[PDB]
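Raw target.pdb, PDB, C-alpha atoms and all ligand atoms:
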```pdb
ATOM      1  CA  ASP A  54      11.535 -20.139  80.442
ATOM      2  CA  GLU A  55       7.964 -20.346  79.048
ATOM      3  CA  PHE A  56       5.272 -22.928  79.744
ATOM      4  CA  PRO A  57       2.338 -23.631  77.402
ATOM      5  CA  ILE A  58      -1.216 -23.459  78.687
ATOM      6  CA  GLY A  59      -2.167 -25.958  76.037
ATOM      7  CA  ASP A  60      -1.763 -26.560  72.363
ATOM      8  CA  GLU A  61      -1.767 -23.605  69.991
ATOM      9  CA  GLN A  62      -5.121 -22.954  68.299
ATOM     10  CA  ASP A  63      -6.339 -21.328  65.079
ATOM     11  CA  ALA A  64      -9.470 -19.200  65.219
ATOM     12  CA  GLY A  65     -10.552 -17.089  62.270
ATOM     13  CA  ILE A  66      -7.561 -15.206  60.905
ATOM     14  CA  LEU A  67      -5.705 -15.595  64.233
ATOM     15  CA  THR A  68      -3.215 -18.106  65.581
ATOM     16  CA  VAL A  69      -3.450 -18.047  69.371
ATOM     17  CA  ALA A  70      -0.896 -19.516  71.774
ATOM     18  CA  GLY A  71      -1.237 -19.224  75.531
ATOM     19  CA  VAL A  72       1.816 -19.399  77.794
ATOM     20  CA  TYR A  73       2.724 -18.607  81.384
ATOM     21  CA  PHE A  74       5.901 -18.047  83.383
ATOM     22  CA  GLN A  75       7.066 -16.165  86.494
ATOM     23  CA  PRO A  76       5.286 -12.883  87.347
ATOM     24  CA  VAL A  77       7.007  -9.830  85.882
ATOM     25  CA  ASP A  78       7.701  -6.164  86.546
ATOM     26  CA  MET A  79       6.003  -3.950  83.920
ATOM     27  CA  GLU A  80       6.656  -0.290  83.050
ATOM     28  CA  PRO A  81       4.215   1.452  83.353
ATOM     29  CA  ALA A  82       2.545  -0.942  85.825
ATOM     30  CA  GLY A  83      -0.658  -1.310  83.810
ATOM     31  CA  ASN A  84      -3.845  -2.876  85.157
ATOM     32  CA  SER A  85      -2.638  -6.224  86.470
ATOM     33  CA  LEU A  86      -1.185  -7.374  89.784
ATOM     34  CA  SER A  87       2.250  -6.417  91.001
ATOM     35  CA  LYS A  88       4.982  -9.016  90.630
ATOM     36  CA  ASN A  89       5.020  -9.861  94.337
ATOM     37  CA  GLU A  90       1.215 -10.217  94.499
ATOM     38  CA  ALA A  91       0.869 -12.532  91.481
ATOM     39  CA  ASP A  92       1.184 -16.279  90.831
ATOM     40  CA  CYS A  93       2.372 -15.992  87.229
ATOM     41  CA  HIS A  94       2.478 -13.930  84.107
ATOM     42  CA  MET A  95      -0.071 -15.114  81.540
ATOM     43  CA  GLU A  96       0.343 -14.235  77.898
ATOM     44  CA  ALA A  97      -1.657 -14.550  74.684
ATOM     45  CA  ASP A  98       0.658 -14.838  71.660
ATOM     46  CA  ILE A  99      -1.601 -13.704  68.821
ATOM     47  CA  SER A 100      -0.440 -13.744  65.212
ATOM     48  CA  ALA A 101      -2.065 -13.765  61.797
ATOM     49  CA  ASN A 102      -2.403 -17.058  59.979
ATOM     50  CA  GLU A 103      -2.792 -17.487  56.215
ATOM     51  CA  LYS A 104      -6.400 -16.254  56.186
ATOM     52  CA  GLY A 105      -5.201 -12.944  57.656
ATOM     53  CA  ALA A 106      -4.062 -11.721  54.236
ATOM     54  CA  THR A 107      -7.752 -10.937  53.576
ATOM     55  CA  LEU A 108      -7.333  -8.084  56.088
ATOM     56  CA  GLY A 109      -3.828  -7.090  54.981
ATOM     57  CA  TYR A 110      -1.824  -9.066  57.574
ATOM     58  CA  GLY A 111       1.308 -11.000  56.719
ATOM     59  CA  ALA A 112       1.269 -14.567  57.981
ATOM     60  CA  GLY A 113       2.972 -14.793  61.373
ATOM     61  CA  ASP A 114       2.620 -11.057  62.047
ATOM     62  CA  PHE A 115       1.644  -9.851  65.528
ATOM     63  CA  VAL A 116      -1.918  -8.514  65.411
ATOM     64  CA  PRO A 117      -2.045  -5.266  67.436
ATOM     65  CA  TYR A 118      -4.977  -3.183  68.728
ATOM     66  CA  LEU A 119      -7.007  -6.216  69.790
ATOM     67  CA  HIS A 120      -8.879  -6.298  73.090
ATOM     68  CA  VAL A 121      -8.015  -9.487  74.933
ATOM     69  CA  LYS A 122      -9.528 -10.764  78.156
ATOM     70  CA  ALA A 123      -8.948 -14.040  79.970
ATOM     71  CA  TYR A 124     -11.572 -15.969  81.907
ATOM     72  CA  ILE A 125     -10.158 -18.302  84.566
ATOM     73  CA  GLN A 126     -12.517 -20.809  86.185
ATOM     74  CA  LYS A 127     -11.624 -23.492  88.702
ATOM     75  CA  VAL A 128     -13.162 -26.704  87.413
ATOM     76  CA  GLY A 129     -16.370 -27.445  89.304
ATOM     77  CA  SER A 130     -16.498 -23.886  90.688
ATOM     78  CA  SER A 131     -19.439 -21.497  90.420
ATOM     79  CA  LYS A 132     -17.248 -18.406  89.873
ATOM     80  CA  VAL A 133     -15.086 -17.078  87.048
ATOM     81  CA  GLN A 134     -12.208 -14.610  87.331
ATOM     82  CA  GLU A 135     -11.948 -12.052  84.497
ATOM     83  CA  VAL A 136      -8.528 -10.540  83.708
ATOM     84  CA  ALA A 137      -7.904  -7.818  81.127
ATOM     85  CA  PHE A 138      -4.721  -8.266  79.118
ATOM     86  CA  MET A 139      -2.641  -5.348  77.905
ATOM     87  CA  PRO A 140      -0.272  -5.128  74.917
ATOM     88  CA  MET A 141       3.382  -5.108  75.861
ATOM     89  CA  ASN A 142       6.882  -6.059  74.861
ATOM     90  CA  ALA A 143       9.074  -8.585  76.607
ATOM     91  CA  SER A 144      12.575  -9.612  75.531
ATOM     92  CA  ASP A 145      10.836 -12.136  73.222
ATOM     93  CA  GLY A 146       8.661  -9.516  71.523
ATOM     94  CA  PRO A 147       5.097  -8.214  71.466
ATOM     95  CA  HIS A 148       2.194  -9.985  73.143
ATOM     96  CA  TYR A 149      -0.925  -9.449  75.238
ATOM     97  CA  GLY A 150      -0.414 -10.312  78.886
ATOM     98  CA  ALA A 151      -1.112  -9.752  82.544
ATOM     99  CA  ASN A 152       0.176 -10.803  85.920
ATOM    100  CA  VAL A 153      -2.380 -13.280  87.248
ATOM    101  CA  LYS A 154      -3.330 -14.821  90.595
ATOM    102  CA  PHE A 155      -5.192 -18.133  90.644
ATOM    103  CA  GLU A 156      -7.806 -17.297  93.240
ATOM    104  CA  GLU A 157      -8.748 -20.896  94.102
ATOM    105  CA  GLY A 158      -5.190 -22.148  94.675
ATOM    106  CA  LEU A 159      -3.390 -25.053  93.081
ATOM    107  CA  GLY A 160      -5.642 -27.201  90.931
ATOM    108  CA  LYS A 161      -7.409 -27.762  87.624
ATOM    109  CA  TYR A 162      -8.694 -24.712  85.722
ATOM    110  CA  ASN A 163     -10.455 -23.893  82.472
ATOM    111  CA  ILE A 164      -8.775 -20.941  80.689
ATOM    112  CA  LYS A 165     -10.539 -18.931  77.965
ATOM    113  CA  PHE A 166      -9.141 -16.037  75.900
ATOM    114  CA  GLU A 167     -11.791 -13.662  74.483
ATOM    115  CA  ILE A 168     -10.363 -11.628  71.582
ATOM    116  CA  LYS A 169     -12.266  -8.593  70.262
ATOM    117  CA  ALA A 170     -11.405  -6.866  66.988
ATOM    118  CA  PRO A 171      -9.818  -3.391  66.961
ATOM    119  CA  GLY A 172     -12.983  -1.376  66.369
ATOM    120  CA  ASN A 173     -12.667   2.367  65.794
ATOM    121  CA  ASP A 174      -8.946   2.391  66.721
ATOM    122  CA  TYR A 175      -7.618   0.591  63.628
ATOM    123  CA  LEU A 176      -8.879   1.446  60.131
ATOM    124  CA  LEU A 177      -9.080  -0.638  56.956
ATOM    125  CA  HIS A 178      -8.601   0.627  53.413
ATOM    126  CA  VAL A 179     -11.746  -0.651  51.628
ATOM    127  CA  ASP A 180     -11.465   0.986  48.185
ATOM    128  CA  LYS A 181     -10.770  -1.437  45.346
ATOM    129  CA  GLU A 182      -7.437   0.123  44.343
ATOM    130  CA  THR A 183      -5.603  -0.098  47.727
ATOM    131  CA  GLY A 184      -8.088  -1.881  49.977
ATOM    132  CA  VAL A 185      -8.545  -5.262  51.593
ATOM    133  CA  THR A 186     -11.424  -7.623  50.821
ATOM    134  CA  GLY A 187     -12.042  -8.859  54.365
ATOM    135  CA  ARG A 188     -13.665  -7.244  57.375
ATOM    136  CA  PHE A 189     -12.930  -7.608  61.079
ATOM    137  CA  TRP A 190     -14.866 -10.190  63.058
ATOM    138  CA  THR A 191     -17.973  -8.929  64.843
ATOM    139  CA  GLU A 192     -18.339 -11.661  67.439
ATOM    140  CA  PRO A 193     -15.438 -12.000  69.906
ATOM    141  CA  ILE A 194     -13.149 -14.897  69.107
ATOM    142  CA  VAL A 195     -12.954 -17.456  71.937
ATOM    143  CA  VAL A 196     -10.058 -19.873  72.469
ATOM    144  CA  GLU A 197     -10.420 -22.302  75.363
ATOM    145  CA  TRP A 198      -8.079 -24.754  77.071
ATOM    146  CA  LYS A 199      -9.689 -27.306  79.358
ATOM    147  CA  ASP A 200      -7.900 -29.115  82.202
ATOM    148  CA  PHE A 201      -5.016 -26.686  82.661
ATOM    149  CA  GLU A 202      -3.260 -27.723  85.908
ATOM    150  CA  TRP A 203      -1.808 -24.921  88.021
ATOM    151  CA  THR A 204       0.755 -26.616  90.278
ATOM    152  CA  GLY A 205       2.582 -23.552  91.551
ATOM    153  CA  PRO A 206       5.832 -22.055  90.294
ATOM    154  CA  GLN A 207       8.006 -24.080  87.914
ATOM    155  CA  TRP A 208      10.858 -21.580  88.108
TER     156      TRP A 208
ATOM    157  CA  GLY B  52       0.048  -3.703  43.968
ATOM    158  CA  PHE B  53      -0.738  -0.008  43.614
ATOM    159  CA  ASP B  54       1.321   3.043  42.681
ATOM    160  CA  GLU B  55       3.125   4.731  45.593
ATOM    161  CA  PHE B  56       4.962   8.049  45.342
ATOM    162  CA  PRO B  57       7.947   8.991  47.520
ATOM    163  CA  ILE B  58       8.239  11.639  50.188
ATOM    164  CA  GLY B  59      12.001  11.942  50.169
ATOM    165  CA  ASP B  60      14.180   9.082  51.421
ATOM    166  CA  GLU B  61      13.799   6.578  54.264
ATOM    167  CA  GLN B  62      15.215   7.926  57.544
ATOM    168  CA  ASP B  63      16.358   6.350  60.814
ATOM    169  CA  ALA B  64      15.569   8.024  64.142
ATOM    170  CA  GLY B  65      16.199   6.295  67.450
ATOM    171  CA  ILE B  66      14.970   2.693  67.120
ATOM    172  CA  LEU B  67      12.667   3.595  64.202
ATOM    173  CA  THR B  68      13.015   3.407  60.440
ATOM    174  CA  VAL B  69      10.583   5.908  58.902
ATOM    175  CA  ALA B  70       9.565   6.328  55.260
ATOM    176  CA  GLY B  71       6.882   8.567  53.764
ATOM    177  CA  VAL B  72       4.766   7.859  50.690
ATOM    178  CA  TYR B  73       1.586   9.197  49.182
ATOM    179  CA  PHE B  74      -0.904   8.009  46.587
ATOM    180  CA  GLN B  75      -4.522   8.514  45.556
ATOM    181  CA  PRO B  76      -6.966   9.210  48.423
ATOM    182  CA  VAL B  77      -8.619   6.117  49.860
ATOM    183  CA  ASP B  78     -11.843   4.936  51.507
ATOM    184  CA  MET B  79     -11.354   3.942  55.144
ATOM    185  CA  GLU B  80     -13.688   1.864  57.324
ATOM    186  CA  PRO B  81     -14.470   3.419  59.780
ATOM    187  CA  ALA B  82     -13.706   6.875  58.310
ATOM    188  CA  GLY B  83     -11.418   8.048  61.085
ATOM    189  CA  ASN B  84     -10.380  11.643  61.573
ATOM    190  CA  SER B  85      -9.131  12.481  58.110
ATOM    191  CA  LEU B  86     -10.780  13.856  54.969
ATOM    192  CA  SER B  87     -13.081  11.770  52.821
ATOM    193  CA  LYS B  88     -11.781  10.248  49.605
ATOM    194  CA  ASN B  89     -13.378  12.879  47.403
ATOM    195  CA  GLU B  90     -12.273  15.887  49.492
ATOM    196  CA  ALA B  91      -8.553  15.041  49.764
ATOM    197  CA  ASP B  92      -5.539  15.508  47.509
ATOM    198  CA  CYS B  93      -3.836  12.303  48.537
ATOM    199  CA  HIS B  94      -3.501   9.563  51.078
ATOM    200  CA  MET B  95      -0.270  10.076  53.010
ATOM    201  CA  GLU B  96       1.395   7.171  54.778
ATOM    202  CA  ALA B  97       4.152   6.851  57.380
ATOM    203  CA  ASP B  98       5.837   3.445  57.242
ATOM    204  CA  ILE B  99       7.388   2.996  60.668
ATOM    205  CA  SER B 100       9.361  -0.109  61.519
ATOM    206  CA  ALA B 101      11.984  -1.145  64.061
ATOM    207  CA  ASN B 102      15.629  -0.892  62.975
ATOM    208  CA  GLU B 103      18.457  -2.951  64.511
ATOM    209  CA  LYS B 104      18.395  -0.799  67.645
ATOM    210  CA  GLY B 105      14.750  -1.760  68.228
ATOM    211  CA  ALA B 106      15.907  -5.043  69.754
ATOM    212  CA  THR B 107      16.703  -3.055  72.936
ATOM    213  CA  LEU B 108      12.910  -2.697  73.340
ATOM    214  CA  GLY B 109      12.165  -6.264  72.247
ATOM    215  CA  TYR B 110      11.147  -5.500  68.641
ATOM    216  CA  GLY B 111      12.272  -7.696  65.755
ATOM    217  CA  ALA B 112      14.155  -5.845  63.023
ATOM    218  CA  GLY B 113      11.852  -4.647  60.275
ATOM    219  CA  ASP B 114       8.619  -5.250  62.191
ATOM    220  CA  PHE B 115       5.789  -2.729  62.339
ATOM    221  CA  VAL B 116       5.811  -0.622  65.517
ATOM    222  CA  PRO B 117       2.205  -0.247  66.734
ATOM    223  CA  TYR B 118       0.577   1.994  69.383
ATOM    224  CA  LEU B 119       2.560   5.056  68.320
ATOM    225  CA  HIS B 120       0.848   8.447  68.051
ATOM    226  CA  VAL B 121       1.788   9.961  64.708
ATOM    227  CA  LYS B 122       0.996  13.470  63.536
ATOM    228  CA  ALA B 123       2.041  15.158  60.305
ATOM    229  CA  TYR B 124       2.908  18.861  60.114
ATOM    230  CA  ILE B 125       2.826  20.253  56.573
ATOM    231  CA  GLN B 126       4.109  23.767  55.964
ATOM    232  CA  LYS B 127       4.367  25.554  52.630
ATOM    233  CA  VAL B 128       7.909  26.909  52.392
ATOM    234  CA  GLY B 129       7.904  30.665  52.892
ATOM    235  CA  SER B 130       4.538  30.506  54.688
ATOM    236  CA  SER B 131       3.731  30.796  58.376
ATOM    237  CA  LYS B 132       0.735  28.446  58.005
ATOM    238  CA  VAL B 133       1.284  24.906  59.327
ATOM    239  CA  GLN B 134      -1.335  22.217  58.754
ATOM    240  CA  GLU B 135      -1.538  19.471  61.378
ATOM    241  CA  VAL B 136      -3.105  16.086  60.599
ATOM    242  CA  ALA B 137      -3.249  13.127  62.955
ATOM    243  CA  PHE B 138      -2.471   9.798  61.349
ATOM    244  CA  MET B 139      -4.220   6.668  62.397
ATOM    245  CA  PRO B 140      -3.038   3.041  62.327
ATOM    246  CA  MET B 141      -4.661   1.013  59.569
ATOM    247  CA  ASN B 142      -4.226  -1.819  57.075
ATOM    248  CA  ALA B 143      -4.077  -1.505  53.298
ATOM    249  CA  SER B 144      -3.449  -4.346  50.850
ATOM    250  CA  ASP B 145       0.272  -3.818  51.543
ATOM    251  CA  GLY B 146      -0.109  -4.111  55.317
ATOM    252  CA  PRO B 147      -0.099  -1.916  58.404
ATOM    253  CA  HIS B 148       0.870   1.723  58.425
ATOM    254  CA  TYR B 149      -0.037   5.074  59.893
ATOM    255  CA  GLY B 150      -1.852   7.348  57.479
ATOM    256  CA  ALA B 151      -4.485   9.922  56.628
ATOM    257  CA  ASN B 152      -6.169  11.463  53.610
ATOM    258  CA  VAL B 153      -4.653  14.951  53.331
ATOM    259  CA  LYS B 154      -5.095  18.214  51.395
ATOM    260  CA  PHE B 155      -2.168  20.449  50.390
ATOM    261  CA  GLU B 156      -3.919  23.652  51.426
ATOM    262  CA  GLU B 157      -1.545  26.102  49.723
ATOM    263  CA  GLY B 158      -1.471  24.457  46.325
ATOM    264  CA  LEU B 159       1.400  23.287  44.176
ATOM    265  CA  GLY B 160       4.980  23.806  45.266
ATOM    266  CA  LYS B 161       7.487  23.280  48.070
ATOM    267  CA  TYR B 162       6.441  22.001  51.501
ATOM    268  CA  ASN B 163       8.286  20.959  54.631
ATOM    269  CA  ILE B 164       6.799  17.680  55.819
ATOM    270  CA  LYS B 165       7.375  16.605  59.432
ATOM    271  CA  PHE B 166       6.200  13.364  61.066
ATOM    272  CA  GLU B 167       6.003  13.722  64.865
ATOM    273  CA  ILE B 168       6.088  10.282  66.469
ATOM    274  CA  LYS B 169       5.009  10.011  70.107
ATOM    275  CA  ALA B 170       5.806   6.893  72.113
ATOM    276  CA  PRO B 171       2.870   4.714  73.253
ATOM    277  CA  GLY B 172       2.757   5.982  76.844
ATOM    278  CA  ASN B 173       0.285   4.110  79.044
ATOM    279  CA  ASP B 174      -1.032   2.199  75.976
ATOM    280  CA  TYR B 175       1.879  -0.246  75.768
ATOM    281  CA  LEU B 176       3.878  -1.789  78.585
ATOM    282  CA  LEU B 177       7.454  -3.041  78.824
ATOM    283  CA  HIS B 178       8.621  -5.988  80.905
ATOM    284  CA  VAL B 179      11.524  -4.489  82.879
ATOM    285  CA  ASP B 180      12.516  -7.383  85.136
ATOM    286  CA  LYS B 181      15.961  -8.867  84.513
ATOM    287  CA  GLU B 182      14.728 -12.318  83.535
ATOM    288  CA  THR B 183      12.081 -11.541  80.883
ATOM    289  CA  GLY B 184      12.515  -7.798  80.450
ATOM    290  CA  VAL B 185      14.192  -5.252  78.209
ATOM    291  CA  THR B 186      16.751  -2.584  79.055
ATOM    292  CA  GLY B 187      15.705  -0.048  76.413
ATOM    293  CA  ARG B 188      13.087   2.576  77.175
ATOM    294  CA  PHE B 189      10.612   4.691  75.188
ATOM    295  CA  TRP B 190      11.292   8.340  74.344
ATOM    296  CA  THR B 191       9.806  11.153  76.446
ATOM    297  CA  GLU B 192       9.551  13.693  73.717
ATOM    298  CA  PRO B 193       8.331  12.840  70.185
ATOM    299  CA  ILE B 194      10.750  11.560  67.572
ATOM    300  CA  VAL B 195      10.684  13.975  64.632
ATOM    301  CA  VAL B 196      11.443  13.059  61.012
ATOM    302  CA  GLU B 197      11.434  15.799  58.386
ATOM    303  CA  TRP B 198      11.747  16.154  54.635
ATOM    304  CA  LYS B 199      12.426  19.750  53.605
ATOM    305  CA  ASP B 200      11.352  21.092  50.189
ATOM    306  CA  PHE B 201       9.151  18.141  49.279
ATOM    307  CA  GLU B 202       7.484  19.117  45.991
ATOM    308  CA  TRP B 203       3.712  18.734  45.661
ATOM    309  CA  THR B 204       3.286  18.484  41.896
ATOM    310  CA  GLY B 205      -0.321  17.301  41.688
ATOM    311  CA  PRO B 206      -2.083  13.964  41.224
ATOM    312  CA  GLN B 207      -0.751  11.504  38.681
ATOM    313  CA  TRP B 208      -3.852   9.301  38.992
TER     314      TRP B 208
HETATM  315 CU    CU A 301       3.682  -9.547  79.329
HETATM  316 CU    CU A 302      -3.785   4.340  55.051
END
```
Using structure tokens, write down the structure from this file.
Ligand SMILES: [Cu+2]
Ligand SMILES: [Cu+2]
Amino acid sequence: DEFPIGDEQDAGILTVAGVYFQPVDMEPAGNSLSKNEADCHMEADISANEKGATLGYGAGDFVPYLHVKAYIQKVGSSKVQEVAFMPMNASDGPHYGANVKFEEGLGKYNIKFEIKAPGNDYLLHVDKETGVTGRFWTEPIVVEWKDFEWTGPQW
Amino acid sequence: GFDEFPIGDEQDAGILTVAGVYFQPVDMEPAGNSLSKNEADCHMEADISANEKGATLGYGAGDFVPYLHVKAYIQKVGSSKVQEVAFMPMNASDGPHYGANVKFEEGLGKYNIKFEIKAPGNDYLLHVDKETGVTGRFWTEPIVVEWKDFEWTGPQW
């Protein structure tokens, strides 16, 4: 069903897995390509690790209200494709994802996920009685997988 | 880790399990839409999670349901005045919830408290293909949960 982009990675309070599988139909359609126009669905599985308790997250919890963008670059190429992910549910639960088309065809790509904190959408209790001790990250978190091979559908 | 006071009993509505609590007003960063700590009577919280029926939408039982739009309507019983207060999603030491600092504008006594829970709309997508998708669908009109004759008795803190 699901194919890893690479090994799972910890970054700050986040645990970030990247997977891909067949392109999907989404309701509403969102920002990404239609199923027939796409090569795959790409998905960032983002959850809190143990350090997330500093912001009030339980370990393993989905972290919502993030802003996630993927950068897809053919190795040796002068151009990078930028793809906004949206939050969504599949049968396997919440994630950030998008239908994606590899613009340079089958080959070796570098894949980066850029993960921005919630900002003014999501609040934090900061008082001592009920509050958390941590604060959201200010610089976007970057997870990168080198030498991902896109070899067409595996489904 | 801190004292929480009940608004009635936990209620199920659609795929949601909804409980209300309140406690001392809090400091929020950023401040959001609601009253400041020193201007409010309490912090009011809606704890919204998926029940067993939430699996139809791909939610795990008990998990927080994000991207909802939650508003509270607070009406003193016998009064025509209805206060409306938007809740925002946020984390406290006990985890995610929707909440706001609120003021009971008509003083001590009986209030009807309604939580109006709008579905995410264009903010949250659903896979709907057969292979990876879900067969449940979000609600067009808000889910409403109400506790009648909640008693505001003043701060214990
Ligand atoms: Cu998806
Ligand atoms: Cu709160």
Could you give me, as JSON lines, every chain B residue with an atom at most 10 Å from ligand CU 302 (chain A), plus its closest atom pair and distance in Å to one decimal, counting all atoms listed in the file, rows ordered by chain then number?
```
{"residue": "B:73", "atom": "CA", "partner": "A:CU302", "partner_atom": "CU", "distance": 9.3}
{"residue": "B:74", "atom": "CA", "partner": "A:CU302", "partner_atom": "CU", "distance": 9.7}
{"residue": "B:76", "atom": "CA", "partner": "A:CU302", "partner_atom": "CU", "distance": 8.8}
{"residue": "B:77", "atom": "CA", "partner": "A:CU302", "partner_atom": "CU", "distance": 7.3}
{"residue": "B:78", "atom": "CA", "partner": "A:CU302", "partner_atom": "CU", "distance": 8.8}
{"residue": "B:79", "atom": "CA", "partner": "A:CU302", "partner_atom": "CU", "distance": 7.6}
{"residue": "B:94", "atom": "CA", "partner": "A:CU302", "partner_atom": "CU", "distance": 6.6}
{"residue": "B:95", "atom": "CA", "partner": "A:CU302", "partner_atom": "CU", "distance": 7.0}
{"residue": "B:96", "atom": "CA", "partner": "A:CU302", "partner_atom": "CU", "distance": 5.9}
{"residue": "B:97", "atom": "CA", "partner": "A:CU302", "partner_atom": "CU", "distance": 8.6}
{"residue": "B:98", "atom": "CA", "partner": "A:CU302", "partner_atom": "CU", "distance": 9.9}
{"residue": "B:138", "atom": "CA", "partner": "A:CU302", "partner_atom": "CU", "distance": 8.4}
{"residue": "B:139", "atom": "CA", "partner": "A:CU302", "partner_atom": "CU", "distance": 7.7}
{"residue": "B:140", "atom": "CA", "partner": "A:CU302", "partner_atom": "CU", "distance": 7.4}
{"residue": "B:141", "atom": "CA", "partner": "A:CU302", "partner_atom": "CU", "distance": 5.7}
{"residue": "B:142", "atom": "CA", "partner": "A:CU302", "partner_atom": "CU", "distance": 6.5}
{"residue": "B:143", "atom": "CA", "partner": "A:CU302", "partner_atom": "CU", "distance": 6.1}
{"residue": "B:144", "atom": "CA", "partner": "A:CU302", "partner_atom": "CU", "distance": 9.7}
{"residue": "B:145", "atom": "CA", "partner": "A:CU302", "partner_atom": "CU", "distance": 9.8}
{"residue": "B:146", "atom": "CA", "partner": "A:CU302", "partner_atom": "CU", "distance": 9.2}
{"residue": "B:147", "atom": "CA", "partner": "A:CU302", "partner_atom": "CU", "distance": 8.0}
{"residue": "B:148", "atom": "CA", "partner": "A:CU302", "partner_atom": "CU", "distance": 6.3}
{"residue": "B:149", "atom": "CA", "partner": "A:CU302", "partner_atom": "CU", "distance": 6.2}
{"residue": "B:150", "atom": "CA", "partner": "A:CU302", "partner_atom": "CU", "distance": 4.3}
{"residue": "B:151", "atom": "CA", "partner": "A:CU302", "partner_atom": "CU", "distance": 5.8}
{"residue": "B:152", "atom": "CA", "partner": "A:CU302", "partner_atom": "CU", "distance": 7.6}
```
Write out as JSON lines the residues of chain B that have any atom within 12 Å of an atom of ligand CU 301 (chain A), one row each with the nearest atom pair and its distance in Å to one decimal, counting all atoms listed in the file, sorted by chain and then rising number.
```
{"residue": "B:109", "atom": "CA", "partner": "A:CU301", "partner_atom": "CU", "distance": 11.5}
{"residue": "B:175", "atom": "CA", "partner": "A:CU301", "partner_atom": "CU", "distance": 10.1}
{"residue": "B:176", "atom": "CA", "partner": "A:CU301", "partner_atom": "CU", "distance": 7.8}
{"residue": "B:177", "atom": "CA", "partner": "A:CU301", "partner_atom": "CU", "distance": 7.5}
{"residue": "B:178", "atom": "CA", "partner": "A:CU301", "partner_atom": "CU", "distance": 6.3}
{"residue": "B:179", "atom": "CA", "partner": "A:CU301", "partner_atom": "CU", "distance": 10.0}
{"residue": "B:180", "atom": "CA", "partner": "A:CU301", "partner_atom": "CU", "distance": 10.8}
{"residue": "B:183", "atom": "CA", "partner": "A:CU301", "partner_atom": "CU", "distance": 8.8}
{"residue": "B:184", "atom": "CA", "partner": "A:CU301", "partner_atom": "CU", "distance": 9.1}
{"residue": "B:185", "atom": "CA", "partner": "A:CU301", "partner_atom": "CU", "distance": 11.4}
```
Inset, instruction - List the neighbours of residue 100 (chain B) out to 7 Å using all atoms listed in the file; skip same-chain residues closer than 4 positions along the sequence, and give me the result as a PyMOL selection string. - result: chain B and resi 67-69+113-116
Inset, instruction - For chain B, work out the contacting residues on chain A at 9 Å, counting only C-alpha atoms, and write them as number ranges by chain. - result: A: 54, 75, 77-83, 106-111, 114-115, 117-118, 139-147, 172-186
If you keep C-alpha atoms, can you produce a file of those selected residues as an mmCIF file, in the frame of the given file?
```cif
data_model
loop_
_atom_site.group_PDB
_atom_site.id
_atom_site.type_symbol
_atom_site.label_atom_id
_atom_site.label_comp_id
_atom_site.auth_asym_id
_atom_site.auth_seq_id
_atom_site.Cartn_x
_atom_site.Cartn_y
_atom_site.Cartn_z
ATOM 1 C CA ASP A 54 11.535 -20.139 80.442
ATOM 2 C CA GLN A 75 7.066 -16.165 86.494
ATOM 3 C CA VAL A 77 7.007 -9.830 85.882
ATOM 4 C CA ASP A 78 7.701 -6.164 86.546
ATOM 5 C CA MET A 79 6.003 -3.950 83.920
ATOM 6 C CA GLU A 80 6.656 -0.290 83.050
ATOM 7 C CA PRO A 81 4.215 1.452 83.353
ATOM 8 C CA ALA A 82 2.545 -0.942 85.825
ATOM 9 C CA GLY A 83 -0.658 -1.310 83.810
ATOM 10 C CA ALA A 106 -4.062 -11.721 54.236
ATOM 11 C CA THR A 107 -7.752 -10.937 53.576
ATOM 12 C CA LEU A 108 -7.333 -8.084 56.088
ATOM 13 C CA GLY A 109 -3.828 -7.090 54.981
ATOM 14 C CA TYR A 110 -1.824 -9.066 57.574
ATOM 15 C CA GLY A 111 1.308 -11.000 56.719
ATOM 16 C CA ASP A 114 2.620 -11.057 62.047
ATOM 17 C CA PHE A 115 1.644 -9.851 65.528
ATOM 18 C CA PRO A 117 -2.045 -5.266 67.436
ATOM 19 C CA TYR A 118 -4.977 -3.183 68.728
ATOM 20 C CA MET A 139 -2.641 -5.348 77.905
ATOM 21 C CA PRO A 140 -0.272 -5.128 74.917
ATOM 22 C CA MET A 141 3.382 -5.108 75.861
ATOM 23 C CA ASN A 142 6.882 -6.059 74.861
ATOM 24 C CA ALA A 143 9.074 -8.585 76.607
ATOM 25 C CA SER A 144 12.575 -9.612 75.531
ATOM 26 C CA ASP A 145 10.836 -12.136 73.222
ATOM 27 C CA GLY A 146 8.661 -9.516 71.523
ATOM 28 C CA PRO A 147 5.097 -8.214 71.466
ATOM 29 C CA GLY A 172 -12.983 -1.376 66.369
ATOM 30 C CA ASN A 173 -12.667 2.367 65.794
ATOM 31 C CA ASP A 174 -8.946 2.391 66.721
ATOM 32 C CA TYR A 175 -7.618 0.591 63.628
ATOM 33 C CA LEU A 176 -8.879 1.446 60.131
ATOM 34 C CA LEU A 177 -9.080 -0.638 56.956
ATOM 35 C CA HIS A 178 -8.601 0.627 53.413
ATOM 36 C CA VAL A 179 -11.746 -0.651 51.628
ATOM 37 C CA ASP A 180 -11.465 0.986 48.185
ATOM 38 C CA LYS A 181 -10.770 -1.437 45.346
ATOM 39 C CA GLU A 182 -7.437 0.123 44.343
ATOM 40 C CA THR A 183 -5.603 -0.098 47.727
ATOM 41 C CA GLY A 184 -8.088 -1.881 49.977
ATOM 42 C CA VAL A 185 -8.545 -5.262 51.593
ATOM 43 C CA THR A 186 -11.424 -7.623 50.821
#
```
Inset, instruction - Using the chain letters and residue numbers of this document, give as a PyMOL selection string the residues selected by the PyMOL selection byres (((chain A and resi 96) around 8) and not hetatm). - result: chain A and resi 71-73+94-95+97-98+138+148-151
Inset, instruction - Give as a PyMOL selection string the residues that the PyMOL selection byres (((chain B and resi 62) around 12) and not hetatm) matches when applied to the coordinates above. - result: chain B and resi 58-61+63-71+97-102+165-166+194-198
